[PDB]
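Asks: Sequence first, structure after; it's an experimental one.
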Amino acid sequence: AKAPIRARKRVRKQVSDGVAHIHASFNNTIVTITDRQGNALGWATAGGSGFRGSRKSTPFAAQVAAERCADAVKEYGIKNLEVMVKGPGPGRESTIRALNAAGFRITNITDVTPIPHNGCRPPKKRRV
Amino acid sequence: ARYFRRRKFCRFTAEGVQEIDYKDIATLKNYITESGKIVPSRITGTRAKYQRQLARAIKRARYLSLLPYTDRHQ
Amino acid sequence: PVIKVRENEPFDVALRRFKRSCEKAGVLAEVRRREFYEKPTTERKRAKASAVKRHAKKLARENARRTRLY
Amino acid sequence: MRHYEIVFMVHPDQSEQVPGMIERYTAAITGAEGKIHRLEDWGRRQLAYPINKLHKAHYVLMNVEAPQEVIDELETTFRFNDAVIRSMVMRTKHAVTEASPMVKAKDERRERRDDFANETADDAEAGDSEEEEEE
(Lines give C-alpha, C1' and ligand atoms only; values in the text may rest on other atoms or scores of the structure.)
Protein backbone atom coordinates (compact mmCIF):
# COMPACT_ATOMS: atom_id res chain seq x y z
CA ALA A 1 0.00 0.00 0.00
CA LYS A 2 0.89 3.52 -1.07
CA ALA A 3 -0.74 6.68 0.28
CA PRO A 4 -4.38 6.90 -0.95
CA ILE A 5 -5.79 8.56 -4.09
CA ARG A 6 -6.91 12.24 -4.29
CA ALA A 7 -10.39 11.25 -5.67
CA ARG A 8 -12.01 7.81 -5.21
CA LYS A 9 -10.96 4.81 -7.34
CA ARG A 10 -13.97 2.76 -6.06
CA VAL A 11 -17.67 2.79 -5.07
CA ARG A 12 -19.40 0.51 -2.57
CA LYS A 13 -22.50 -0.64 -4.55
CA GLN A 14 -23.06 -1.15 -8.32
CA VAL A 15 -26.76 -2.09 -8.65
CA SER A 16 -26.78 -0.36 -12.12
CA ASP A 17 -30.53 0.36 -12.33
CA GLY A 18 -33.38 2.19 -10.55
CA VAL A 19 -36.42 4.43 -11.06
CA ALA A 20 -36.57 8.19 -10.69
CA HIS A 21 -40.01 8.89 -9.25
CA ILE A 22 -41.13 12.50 -9.57
CA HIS A 23 -44.06 14.05 -7.74
CA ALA A 24 -44.45 17.27 -9.71
CA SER A 25 -46.87 18.87 -7.23
CA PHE A 26 -49.14 21.95 -7.53
CA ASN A 27 -46.82 23.99 -5.23
CA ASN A 28 -43.50 22.01 -5.56
CA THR A 29 -41.56 19.22 -7.24
CA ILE A 30 -39.98 16.30 -5.37
CA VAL A 31 -37.55 13.87 -7.01
CA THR A 32 -36.51 10.55 -5.42
CA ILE A 33 -34.43 7.73 -6.96
CA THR A 34 -35.50 4.31 -5.71
CA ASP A 35 -34.16 0.80 -6.37
CA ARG A 36 -36.34 -1.39 -8.65
CA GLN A 37 -38.36 -2.74 -5.62
CA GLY A 38 -39.28 0.87 -4.62
CA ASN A 39 -37.11 1.28 -1.51
CA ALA A 40 -35.88 4.87 -1.82
CA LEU A 41 -32.10 5.40 -1.90
CA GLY A 42 -31.95 9.22 -1.86
CA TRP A 43 -34.05 12.27 -2.71
CA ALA A 44 -34.03 16.05 -3.16
CA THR A 45 -36.46 18.87 -3.91
CA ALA A 46 -37.41 22.13 -5.57
CA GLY A 47 -38.36 23.84 -2.25
CA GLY A 48 -35.16 22.92 -0.35
CA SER A 49 -33.19 24.78 -3.12
CA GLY A 50 -34.04 28.17 -1.44
CA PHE A 51 -37.60 28.40 -2.94
CA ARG A 52 -41.03 28.96 -1.29
CA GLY A 53 -44.39 27.73 -2.76
CA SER A 54 -44.24 30.65 -5.23
CA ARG A 55 -40.97 29.53 -6.99
CA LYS A 56 -40.54 25.84 -5.99
CA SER A 57 -43.55 25.01 -8.24
CA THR A 58 -41.68 25.88 -11.52
CA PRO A 59 -39.93 23.58 -14.06
CA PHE A 60 -36.67 25.53 -13.31
CA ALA A 61 -36.88 24.68 -9.58
CA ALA A 62 -37.76 21.09 -10.58
CA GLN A 63 -34.77 21.06 -13.03
CA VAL A 64 -32.53 21.64 -9.95
CA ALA A 65 -34.37 19.02 -7.80
CA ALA A 66 -33.38 16.43 -10.46
CA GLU A 67 -29.68 17.38 -10.20
CA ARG A 68 -29.60 17.18 -6.37
CA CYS A 69 -31.42 13.78 -6.64
CA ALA A 70 -28.96 12.47 -9.28
CA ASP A 71 -26.21 13.43 -6.78
CA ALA A 72 -28.22 11.84 -3.86
CA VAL A 73 -27.79 8.26 -5.29
CA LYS A 74 -24.15 8.50 -6.71
CA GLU A 75 -22.80 5.89 -4.18
CA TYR A 76 -25.45 3.18 -4.88
CA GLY A 77 -23.78 2.81 -8.36
CA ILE A 78 -27.00 3.30 -10.37
CA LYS A 79 -26.68 4.93 -13.80
CA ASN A 80 -29.74 3.52 -15.64
CA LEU A 81 -33.16 4.96 -14.99
CA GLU A 82 -36.60 4.76 -16.16
CA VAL A 83 -38.87 7.59 -15.04
CA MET A 84 -42.28 7.79 -13.43
CA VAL A 85 -44.19 11.06 -12.91
CA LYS A 86 -47.29 12.16 -10.99
CA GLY A 87 -49.07 15.35 -9.88
CA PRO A 88 -50.40 18.42 -11.83
CA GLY A 89 -47.10 20.38 -11.46
CA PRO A 90 -44.77 21.35 -14.38
CA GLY A 91 -41.75 19.43 -12.93
CA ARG A 92 -42.34 16.76 -15.58
CA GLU A 93 -39.74 17.21 -18.41
CA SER A 94 -37.25 20.06 -17.52
CA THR A 95 -36.56 17.83 -14.49
CA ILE A 96 -35.91 14.81 -16.76
CA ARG A 97 -33.68 16.91 -19.08
CA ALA A 98 -31.44 17.97 -16.15
CA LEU A 99 -31.72 14.40 -14.68
CA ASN A 100 -30.20 12.90 -17.87
CA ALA A 101 -27.65 15.79 -18.00
CA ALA A 102 -26.40 14.79 -14.48
CA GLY A 103 -24.65 11.62 -15.76
CA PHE A 104 -27.59 9.08 -15.87
CA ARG A 105 -29.05 7.10 -18.83
CA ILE A 106 -32.83 7.37 -19.21
CA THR A 107 -34.63 4.76 -21.40
CA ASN A 108 -38.38 5.15 -20.57
CA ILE A 109 -40.74 7.85 -19.29
CA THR A 110 -44.20 6.69 -18.03
CA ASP A 111 -47.07 8.38 -16.16
CA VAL A 112 -48.27 7.05 -12.78
CA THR A 113 -50.90 9.73 -11.95
CA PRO A 114 -53.93 7.76 -10.57
CA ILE A 115 -57.14 8.57 -12.54
CA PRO A 116 -60.63 7.66 -11.20
CA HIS A 117 -63.89 6.14 -12.18
CA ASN A 118 -65.54 9.39 -11.05
CA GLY A 119 -64.07 8.96 -7.48
CA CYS A 120 -64.50 11.34 -4.49
CA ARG A 121 -65.04 15.14 -4.31
CA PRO A 122 -61.80 17.05 -5.29
CA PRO A 123 -59.70 19.41 -3.11
CA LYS A 124 -60.25 23.19 -3.58
CA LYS A 125 -57.73 25.91 -4.52
CA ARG A 126 -58.89 29.50 -5.25
CA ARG A 127 -62.37 28.16 -4.23
CA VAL A 128 -62.55 26.18 -7.51
CA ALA B 1 -78.40 -7.11 -59.73
CA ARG B 2 -79.42 -7.51 -56.09
CA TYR B 3 -77.79 -7.20 -52.64
CA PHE B 4 -74.93 -4.86 -51.63
CA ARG B 5 -72.06 -5.08 -49.09
CA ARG B 6 -73.42 -4.36 -45.57
CA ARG B 7 -71.71 -2.72 -42.55
CA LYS B 8 -71.79 -4.06 -38.92
CA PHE B 9 -75.50 -4.26 -37.84
CA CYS B 10 -76.49 -2.53 -41.18
CA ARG B 11 -78.81 -3.25 -44.21
CA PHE B 12 -81.32 -5.02 -41.86
CA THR B 13 -84.00 -4.06 -39.28
CA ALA B 14 -83.96 -7.11 -36.92
CA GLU B 15 -80.36 -7.00 -35.59
CA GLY B 16 -79.08 -5.08 -32.54
CA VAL B 17 -82.73 -4.44 -31.43
CA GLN B 18 -81.80 -5.79 -27.93
CA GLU B 19 -78.45 -5.28 -26.19
CA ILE B 20 -74.94 -6.42 -27.27
CA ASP B 21 -74.05 -8.79 -24.38
CA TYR B 22 -71.25 -8.65 -21.77
CA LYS B 23 -70.17 -12.35 -21.44
CA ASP B 24 -67.78 -12.08 -24.45
CA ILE B 25 -65.26 -9.87 -22.46
CA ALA B 26 -62.68 -10.85 -25.17
CA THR B 27 -64.86 -9.06 -27.79
CA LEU B 28 -65.43 -6.17 -25.27
CA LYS B 29 -61.62 -5.57 -25.10
CA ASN B 30 -61.89 -4.44 -28.80
CA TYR B 31 -64.03 -1.43 -27.75
CA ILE B 32 -61.80 -0.03 -24.94
CA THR B 33 -58.53 1.94 -24.99
CA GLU B 34 -55.28 1.11 -23.11
CA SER B 35 -56.58 3.45 -20.31
CA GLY B 36 -59.90 1.54 -19.98
CA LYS B 37 -62.11 4.22 -21.63
CA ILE B 38 -65.10 3.52 -23.97
CA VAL B 39 -64.75 4.14 -27.76
CA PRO B 40 -67.75 5.87 -29.52
CA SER B 41 -70.04 4.54 -32.31
CA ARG B 42 -67.71 5.60 -35.20
CA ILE B 43 -64.89 3.39 -33.76
CA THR B 44 -66.89 0.27 -32.72
CA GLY B 45 -68.17 0.33 -36.37
CA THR B 46 -71.83 0.61 -35.22
CA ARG B 47 -74.65 3.20 -35.19
CA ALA B 48 -76.34 5.04 -32.25
CA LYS B 49 -78.73 2.29 -30.92
CA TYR B 50 -75.94 -0.34 -30.91
CA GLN B 51 -73.24 1.89 -29.34
CA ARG B 52 -75.55 2.84 -26.42
CA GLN B 53 -76.04 -0.97 -26.02
CA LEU B 54 -72.26 -1.68 -26.27
CA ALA B 55 -71.47 0.99 -23.62
CA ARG B 56 -73.84 -0.67 -21.07
CA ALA B 57 -72.19 -4.12 -21.59
CA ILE B 58 -68.64 -2.56 -21.48
CA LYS B 59 -69.55 -0.80 -18.18
CA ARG B 60 -71.04 -4.08 -16.85
CA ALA B 61 -67.95 -6.24 -17.40
CA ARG B 62 -65.49 -3.71 -15.87
CA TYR B 63 -67.52 -3.18 -12.67
CA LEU B 64 -67.94 -7.00 -12.58
CA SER B 65 -64.05 -7.16 -12.46
CA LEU B 66 -63.90 -8.95 -15.89
CA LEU B 67 -62.72 -6.17 -18.32
CA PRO B 68 -59.79 -3.59 -18.03
CA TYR B 69 -60.82 -0.17 -16.63
CA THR B 70 -57.44 1.61 -16.36
CA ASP B 71 -53.77 1.05 -17.34
CA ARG B 72 -53.35 0.32 -13.56
CA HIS B 73 -54.33 -2.46 -11.13
CA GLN B 74 -53.30 -3.43 -7.57
CA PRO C 1 -47.70 14.57 -16.95
CA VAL C 2 -45.58 12.42 -19.30
CA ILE C 3 -48.11 9.84 -20.74
CA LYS C 4 -46.60 6.51 -21.92
CA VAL C 5 -44.31 6.41 -24.94
CA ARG C 6 -42.31 4.25 -27.36
CA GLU C 7 -39.75 7.11 -27.09
CA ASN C 8 -36.13 7.16 -25.87
CA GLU C 9 -36.21 9.61 -22.92
CA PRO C 10 -38.35 12.42 -24.50
CA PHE C 11 -37.46 15.69 -22.72
CA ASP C 12 -35.68 17.54 -25.58
CA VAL C 13 -38.69 17.36 -28.00
CA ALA C 14 -40.90 20.12 -26.37
CA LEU C 15 -44.06 17.91 -26.24
CA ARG C 16 -46.98 19.31 -24.15
CA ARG C 17 -49.73 18.68 -26.75
CA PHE C 18 -51.03 15.44 -25.11
CA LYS C 19 -48.60 15.37 -22.13
CA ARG C 20 -51.07 16.02 -19.25
CA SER C 21 -53.23 14.19 -16.67
CA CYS C 22 -55.62 17.11 -15.89
CA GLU C 23 -53.75 20.17 -17.33
CA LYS C 24 -55.84 20.95 -20.48
CA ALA C 25 -56.87 17.21 -20.25
CA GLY C 26 -60.29 15.58 -20.85
CA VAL C 27 -60.91 14.67 -17.14
CA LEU C 28 -61.04 18.45 -16.25
CA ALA C 29 -64.73 18.38 -17.41
CA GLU C 30 -66.11 17.14 -14.02
CA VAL C 31 -63.11 18.02 -11.78
CA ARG C 32 -63.62 21.14 -9.61
CA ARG C 33 -66.90 22.63 -11.07
CA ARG C 34 -70.75 22.49 -11.01
CA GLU C 35 -72.78 20.75 -13.68
CA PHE C 36 -73.63 23.44 -16.29
CA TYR C 37 -76.27 22.49 -18.90
CA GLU C 38 -75.62 25.67 -20.99
CA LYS C 39 -72.14 27.02 -20.02
CA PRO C 40 -69.68 24.83 -22.02
CA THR C 41 -71.02 25.96 -25.46
CA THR C 42 -71.99 29.49 -24.22
CA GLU C 43 -68.36 30.15 -23.12
CA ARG C 44 -67.19 29.52 -26.75
CA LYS C 45 -69.52 32.10 -28.32
CA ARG C 46 -68.52 34.57 -25.49
CA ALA C 47 -64.73 34.00 -25.78
CA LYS C 48 -64.84 34.65 -29.58
CA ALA C 49 -67.12 37.75 -29.31
CA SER C 50 -64.83 40.78 -28.58
CA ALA C 51 -61.97 40.67 -31.21
CA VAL C 52 -64.27 41.77 -34.07
CA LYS C 53 -61.92 44.28 -35.89
CA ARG C 54 -59.27 41.52 -36.40
CA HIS C 55 -62.04 39.01 -37.40
CA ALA C 56 -63.54 41.36 -40.01
CA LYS C 57 -60.08 42.22 -41.44
CA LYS C 58 -59.39 38.57 -42.40
CA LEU C 59 -62.93 38.36 -43.92
CA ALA C 60 -62.23 41.51 -45.99
CA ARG C 61 -58.80 40.21 -47.09
CA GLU C 62 -60.51 37.06 -48.37
CA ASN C 63 -63.36 38.88 -50.22
CA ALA C 64 -60.86 41.22 -51.93
CA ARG C 65 -58.53 38.29 -52.70
CA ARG C 66 -61.25 35.92 -54.06
CA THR C 67 -62.59 37.79 -57.14
CA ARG C 68 -59.78 38.01 -59.78
CA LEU C 69 -60.62 41.65 -60.72
CA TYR C 70 -57.30 43.11 -59.54
CA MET D 1 -88.77 -22.10 -18.52
CA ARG D 2 -86.19 -19.32 -19.03
CA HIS D 3 -82.62 -19.10 -20.35
CA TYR D 4 -80.33 -17.95 -17.50
CA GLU D 5 -76.68 -17.07 -16.76
CA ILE D 6 -74.76 -17.38 -13.50
CA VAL D 7 -71.47 -15.91 -12.25
CA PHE D 8 -69.92 -16.93 -8.91
CA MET D 9 -66.58 -16.54 -7.13
CA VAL D 10 -64.30 -18.58 -4.82
CA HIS D 11 -60.78 -17.97 -3.41
CA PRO D 12 -57.60 -18.68 -5.52
CA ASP D 13 -56.89 -21.72 -3.25
CA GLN D 14 -60.35 -23.04 -4.37
CA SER D 15 -60.03 -22.38 -8.15
CA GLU D 16 -59.45 -26.12 -8.79
CA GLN D 17 -62.05 -27.07 -6.10
CA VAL D 18 -64.83 -25.18 -7.93
CA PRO D 19 -65.71 -28.10 -10.36
CA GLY D 20 -67.03 -29.93 -7.22
CA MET D 21 -69.48 -26.99 -6.74
CA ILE D 22 -70.47 -26.85 -10.43
CA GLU D 23 -71.41 -30.59 -10.12
CA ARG D 24 -74.10 -29.76 -7.49
CA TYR D 25 -75.41 -26.64 -9.34
CA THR D 26 -75.58 -28.63 -12.63
CA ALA D 27 -77.48 -31.38 -10.73
CA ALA D 28 -79.99 -28.77 -9.39
CA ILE D 29 -80.72 -27.54 -12.96
CA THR D 30 -80.76 -31.01 -14.67
CA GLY D 31 -83.04 -32.16 -11.77
CA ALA D 32 -85.45 -29.46 -13.09
CA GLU D 33 -85.62 -30.53 -16.82
CA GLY D 34 -83.03 -27.77 -17.48
CA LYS D 35 -79.79 -28.24 -19.46
CA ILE D 36 -76.23 -26.88 -19.43
CA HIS D 37 -75.55 -25.15 -22.78
CA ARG D 38 -72.08 -23.86 -21.64
CA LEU D 39 -69.75 -23.99 -18.65
CA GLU D 40 -66.89 -21.49 -18.51
CA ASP D 41 -64.09 -20.07 -16.26
CA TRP D 42 -63.16 -16.35 -16.11
CA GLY D 43 -60.10 -17.13 -13.91
CA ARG D 44 -58.29 -15.04 -11.25
CA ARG D 45 -59.40 -11.37 -10.90
CA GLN D 46 -57.80 -8.60 -8.73
CA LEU D 47 -59.78 -6.84 -5.93
CA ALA D 48 -59.78 -3.17 -4.74
CA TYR D 49 -60.03 -4.50 -1.13
CA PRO D 50 -58.98 -7.85 0.53
CA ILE D 51 -61.71 -10.44 1.27
CA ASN D 52 -60.58 -12.49 4.32
CA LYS D 53 -57.10 -10.85 4.13
CA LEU D 54 -56.24 -11.64 0.47
CA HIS D 55 -56.23 -9.17 -2.46
CA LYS D 56 -57.28 -11.64 -5.27
CA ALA D 57 -60.09 -14.17 -6.04
CA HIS D 58 -61.34 -16.62 -8.74
CA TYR D 59 -64.38 -16.10 -11.10
CA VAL D 60 -66.47 -18.76 -12.91
CA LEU D 61 -69.39 -18.52 -15.40
CA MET D 62 -72.21 -21.01 -16.19
CA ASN D 63 -74.76 -20.59 -19.04
CA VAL D 64 -77.98 -22.55 -18.94
CA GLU D 65 -81.58 -23.23 -19.61
CA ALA D 66 -83.28 -23.80 -16.23
CA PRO D 67 -86.59 -22.94 -14.53
CA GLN D 68 -86.22 -19.44 -13.14
CA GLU D 69 -86.84 -20.54 -9.53
CA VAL D 70 -83.78 -22.87 -9.68
CA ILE D 71 -81.65 -19.78 -10.52
CA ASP D 72 -83.45 -17.67 -7.90
CA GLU D 73 -82.59 -20.56 -5.48
CA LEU D 74 -78.94 -20.79 -6.74
CA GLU D 75 -78.35 -16.98 -6.52
CA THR D 76 -79.45 -17.40 -2.85
CA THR D 77 -77.14 -20.44 -2.36
CA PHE D 78 -74.01 -18.45 -3.33
CA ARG D 79 -75.25 -15.55 -1.12
CA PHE D 80 -75.57 -18.00 1.89
CA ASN D 81 -72.18 -19.71 1.24
CA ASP D 82 -68.96 -18.45 2.84
CA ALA D 83 -66.71 -20.47 0.43
CA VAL D 84 -68.58 -18.96 -2.55
CA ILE D 85 -67.54 -15.38 -1.69
CA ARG D 86 -69.59 -13.29 -4.19
CA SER D 87 -72.01 -13.90 -7.12
CA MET D 88 -73.95 -12.26 -9.81
CA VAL D 89 -76.91 -13.94 -11.49
CA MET D 90 -78.73 -12.38 -14.42
CA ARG D 91 -82.10 -12.99 -16.01
CA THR D 92 -82.79 -13.79 -19.65
CA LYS D 93 -79.34 -14.81 -20.91
CA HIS D 94 -78.02 -17.86 -22.83
CA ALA D 95 -74.85 -19.68 -23.74
CA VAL D 96 -72.86 -19.38 -26.89
CA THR D 97 -73.22 -22.28 -29.35
CA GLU D 98 -69.36 -22.14 -29.55
CA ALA D 99 -66.92 -24.72 -28.16
CA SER D 100 -63.97 -23.35 -26.12
CA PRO D 101 -65.42 -19.70 -26.25
CA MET D 102 -63.89 -18.84 -22.86
CA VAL D 103 -60.16 -19.50 -23.69
CA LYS D 104 -59.93 -16.02 -25.40
CA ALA D 105 -61.31 -14.38 -22.16
CA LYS D 106 -58.96 -16.45 -19.91
CA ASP D 107 -56.23 -14.95 -22.18
CA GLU D 108 -57.57 -11.40 -21.47
CA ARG D 109 -57.69 -12.11 -17.66
CA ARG D 110 -54.01 -13.27 -17.36
CA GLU D 111 -52.74 -10.28 -19.45
CA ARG D 112 -54.42 -6.98 -18.35
CA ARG D 113 -57.28 -7.84 -15.93
CA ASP D 114 -55.66 -9.37 -12.86
CA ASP D 115 -52.43 -8.58 -10.92
CA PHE D 116 -51.23 -12.17 -11.66
CA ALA D 117 -50.53 -13.17 -7.99
CA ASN D 118 -51.34 -16.89 -8.68
CA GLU D 119 -50.43 -19.46 -11.40
CA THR D 120 -52.65 -19.71 -14.53
CA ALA D 121 -52.73 -23.56 -14.12
CA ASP D 122 -54.87 -23.98 -10.95
CA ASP D 123 -57.48 -21.38 -12.04
CA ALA D 124 -57.75 -23.19 -15.43
CA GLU D 125 -59.03 -26.37 -13.60
CA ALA D 126 -62.47 -24.70 -13.66
CA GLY D 127 -65.09 -24.21 -16.34
CA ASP D 128 -64.59 -24.47 -20.11
CA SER D 129 -61.83 -26.70 -21.46
CA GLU D 130 -59.24 -24.69 -23.43
CA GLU D 131 -59.59 -26.61 -26.73
CA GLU D 132 -57.53 -24.05 -28.69
CA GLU D 133 -58.35 -25.61 -32.14
CA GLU D 134 -62.12 -24.92 -31.57
CA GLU D 135 -61.54 -21.20 -30.69
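Replies: Looks like it arrived, so ask away. Residues are numbered from 1 along each chain as shown, chains lettered A, B, ... in the order given.

Asks: Can you name the residue of chain D nearest to chain C?
Replies: The nearest approach of chain D to chain C comes at residue D:112, 13.9 Å away (CB to the nearest CB). Where C-beta positions appear, they are placed from N, C-alpha and C, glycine not excepted.

Asks: what residues are up against the nearest residue to that residue once chain neighbours are set aside?
Replies: Across the structure, with CB to CB, 6 or more residues apart in numbering or on different chains as the measure, the residue nearest residue D:112 apart from its sequence neighbours is residue B:68 (4.7 Å). Each residue near residue B:68 by CB atoms under 8 Å, 6 or more residues apart in numbering or on different chains is listed here: B:29, B:32, B:36, B:62, D:108, D:112-113.

Asks: picking up where we left off before, now the residue of chain D closest to chain C: how far from residue A:84?
Replies: Plainly put, residue D:112 is 19 Å away from residue A:84 if you go by CB to CB, to the nearest Å.

Asks: in which helix or strand would I find the residue lying closest to residue A:82 once chain neighbours are set aside?
Replies: Once flanking residues are discounted, residue A:82 sits nearest to residue A:108: 4.0 Å by CB to CB, 6+ apart. Assigning secondary structure by DSSP states H and E places residue A:108 in strand A:105-111.

Asks: Up against chain C, what does chain B have?
Replies: Counting by CB under 8 Å from any CB of the partner chain, the residues of chain B lying close to chain C are residue B:71.

Asks: Now do the contacts for the residue nearest the centre of chain B.
Replies: Nearest to the centroid of the C-alpha atoms of chain B, with distances taken as CA atoms, centre = their mean, sits residue B:54, at 3.6 Å. By CB under 8 Å, 6+ apart, residue B:54 lies in contact with B:20, B:31, B:38, B:44, B:46.

Asks: Could I get these in TSV, plus columns for distance to residue D:33 and secondary structure?
Replies: Written out in TSV, the entries for the contacts of residue B:54 read as follows (distance: CB to CB, whole Å; DSSP: H, G, I helix; E, B strand; the rest coil):
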residue	distance to residue D:33	secondary structure
B:20	30	coil
B:31	37	helix
B:38	40	strand
B:44	39	helix
B:46	38	coil
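
Asks: burial count for residue D:106?
Replies: By the measure other CB atoms under 10 Å in any protein chain shown, the count of residues near residue D:106 is 24.

Asks: so what's the spatially most central residue of chain D up against?
Replies: The centroid of chain D falls nearest to residue D:60 when counting by CA atoms, centre = their mean (1.6 Å). With CB under 8 Å, 6+ apart as the criterion, the residues that contact residue D:60 are D:7-10, D:18, D:22, D:40-42, D:126-127.
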